[PDB]
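Novice: Build me a model from this:
(one chain, ligands or ions: 2)
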Amino acid sequence: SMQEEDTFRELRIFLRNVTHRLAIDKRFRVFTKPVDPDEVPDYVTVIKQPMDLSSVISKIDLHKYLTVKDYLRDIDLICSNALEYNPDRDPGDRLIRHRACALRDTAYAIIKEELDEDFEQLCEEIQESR
Ligand SMILES: CC[C@H](C)[C@H](NC(C)=O)C(=O)NCC#CBr
Ligand SMILES: [Cl-]
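Specialist: Numbering: from 1, shown residues only. Ligands and ions are numbered 1, 2, ... in the order given. Here you go, the structure:
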């Protein structure tokens, strides 16, 4: 229905706004673009599901997210990819892990404050109905 398409449009507007707020944060600059194989050719071999905020914006616009839970699965991948690829005790790896966890925690905190639970439940019920 048009009412359902309106619902998903509102979801996309909400997700673009959350994703913009993460992308303009200076801590999260490393997560705004895909890893360049040039610098990191072993990346694509270790990390099977690369994810970054530019890929998230592309997916919103392709209507790949029908619920905030599907979006958060991709935010969680940005974090878990960084924890897996950069596990060492040296400061460069610890800084990327801290920034990755901070990205994830910031996205969850914005959604806890600003997502209406009944809106998410409506999205889930339309998605399950398809
Ligand atoms: C691509 C692997 C790399 C070792 C790591 N990045 C990620 C996303 O894991 C990192 O240390 N980034 C440095 C910079 C910049 Br912009
Ligand atoms: Cl830096």
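
Novice: The spatially most central residue of the chain: what's it in contact with?
Specialist: Ranked by distance to the mean C-alpha position of the chain (Cα atoms, centre = their mean), the top residue is residue 75 at 2.7 Å. Residues in contact with residue 75, defined by Cβ atoms under 8 Å, 6 or more residues apart in numbering, are 56, 103, 104, 107, 108. Any C-beta I mention is one placed from the backbone N, CA and C, and that applies to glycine too.

Novice: Using CSV, please lay out those residues together with neighbour count.
Specialist: What follows is these, written out as CSV (neighbours: other Cβ atoms under 10 Å):
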residue, neighbour count
56, 26
103, 21
104, 20
107, 25
108, 13
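
Novice: Tell me the one among these nearest to ligand 1.
Specialist: Out of these, the one with the shortest distance to ligand 1 is residue 103. That distance is 10.5 Å, counting by Cβ to the nearest ligand atom.

Novice: How about the one helix or strand the residue nearest to the centre of the chain maps to and ligand 1, touching?
Specialist: Under the criterion of DSSP states H and E, residue 75 resides in helix 68-85. Yes: interface with ligand 1: helix 68-85 contributes 82, 85 (Cβ under 6 Å from any ligand atom).
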